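Chains as they are written, first to last, in the deposited numbering: chain 5, 1 to 148; chain 6, 1 to 30; chain I, 1 to 141.
For every residue, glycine included, the Cβ atom is placed at its ideal position computed from N, Cα and C.
Right, dumping it as structure tokens:
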């Protein structure tokens, strides 16, 4: 490994994603294959490319060293194996969705999805999301309200 | 209110205008 | 495909799917049907092009028949009909012999867009650097 001069970058970089981010998910990759990463990188791909991460770090000692910053709801995620996912642009989006759909294709556990932060809380798969731009679901709420 | 006076603007408008707006149209009614 | 089971790839040919000395039998003999790669392959052959290198995988269990898959061409080979020289040395690579087309390497690599990890299609280029410094043949960039 590297000394501190390097354990600091994995911090100053990874914590300015939290400081400058959008949504957060969860997942434990016990059996995390590489067809695994391959896929989810195309997903990050659709979800821009390299706007997304997953930098395995669940050393509390790392991606909690980014938490007493923001998201101290994660002192509780960080135990055991974890795969932290941050969003920069994009809706508070679909990121959420396929992690459940992925891991529900066996694709290993999902930490039961211990969940995360947009609010400041816990678990439950939501597509309360990428409807986003479904302001059309407030366009159809126009003419249909005007007519009916 | 005037329905045409709220269609001419309600088909043509910006973006982030809406993004910090229709996370809340859901609130007054629904 | 979320589960591999059987795959042997021995670059075939399009214009007539009916070999015998190169592959022929050895392409289908363990629950595989020699009768159906001339019924099925050529059904996915003529839409594109014919004659040149075709690696391939098939869907044979022990289920009599099957369904054929397609693939992609080798990448250092698109430096033959897609560059110049067709060997790679002549003076063993104690001598840096080859010679490149910088324009090519991107769009000629890009032709292999469906089988690479780089998000940045420029990245997919940077891979072809070493794939094309495979001898030490410098590119006139």
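**Item:** Extent of the continuous alpha helix (DSSP H) to which residue 62 (chain 5) belongs
**Value:** For residue 62 (chain 5), the enclosing alpha helix (DSSP H) stretches over residues 60-63.
**Message:** Considering only the alpha carbon of each residue, which of 148 (chain 5), 147 (chain 5), 137 (chain 5) and 144 (chain 5) lies closest to residue 25 (chain 6)?
**Reply:** Looking from the CA of residue 25 (chain 6), the closest CA among 148 (chain 5), 147 (chain 5), 137 (chain 5) and 144 (chain 5) belongs to 137 (chain 5).
**Message:** Using the Cβ count rule (16 or more neighbours within 10 Å means buried), how would you classify residue 75 (chain 5)?
**Reply:** Counting Cβ neighbours within 10 Å, residue 75 (chain 5) comes out exposed, since fewer than 16 surround it.
**Asked** Using a Cβ-Cβ cut-off of 6 angstroms (strictly less than) and excluding sequence neighbours within five positions of residue 53 (chain I), which residues of its own chain qualify?
**Response** Correct list, in chain order: 11 and 73.
**Asked** List, in order along the chain, the chain 6 residues whose C-beta lies closer than 7 angstroms to that of residue 142 (chain 5)?
**Response** Per Cβ cutoff of 7 angstroms: 10.
**Message:** Which residues in chain 5 have a C-beta closer than 9 angstroms to the C-beta of residue 2 (chain I)? List them in chain order.
**Reply:** Residues of chain 5 passing the Cβ test: 35, 105, 106 and 107.
**Request:** Please go through the region 11-49 of chain 5 and give each complete alpha helix (DSSP H) segment of 4 or more residues, from N-terminal end onward.
**Result:** With a minimum length of 4 residues, the continuous alpha helix (DSSP H) runs that stay inside the region 11-49 of chain 5 are 34-46.
**Request:** Look at the alpha carbon of residue 57 (chain 5) and the alpha carbon of residue 12 (chain 5), and state the distance between them as a whole number of angstroms.
**Result:** The straight-line gap from Cα to Cα measures roughly 14 angstroms.
**Request:** Please report how far the alpha carbon of residue 145 (chain 5) lies from the alpha carbon of residue 139 (chain 5), in whole angstroms.
**Result:** When rounded, the distance between both Cα atoms is 10 angstroms.
**Message:** My assumption, with CB atoms under 8 angstroms, is that residue 119 (chain I) sits in contact with residue 45 (chain 5). Please give the rounded CB distance.
**Reply:** Under the criterion of beta carbons closer than 8 angstroms, residue 119 (chain I) and residue 45 (chain 5) qualify as touching, at roughly 6 angstroms.
**Asked** Among all the DSSP beta bridges, which residues are the ones paired with residue 68 (chain I)?
**Response** Answer by DSSP bridge pairing, in chain order: 58 (chain I).
**Message:** I'd like the ranges of any alpha helix (DSSP H) spanning at least 4 consecutive residues and lying wholly in the region 81-108 of chain 5.
**Reply:** Fully enclosed alpha helix (DSSP H) runs of 4 or longer: 95-103.
**Prompt:** In terms of alpha-carbon separation, which member of 46 (chain I), 59 (chain I), 135 (chain I) and 35 (chain I) lies closest to residue 15 (chain I)?
**Reply:** Of the candidates 46 (chain I), 59 (chain I), 135 (chain I) and 35 (chain I), 46 (chain I) places its Cα closest to the Cα of residue 15 (chain I).
**Asked** Opposite residue 12 (chain I) in the DSSP bridges: which residues?
**Response** Beta-bridge pairing links residue 12 (chain I) to 54 (chain I).
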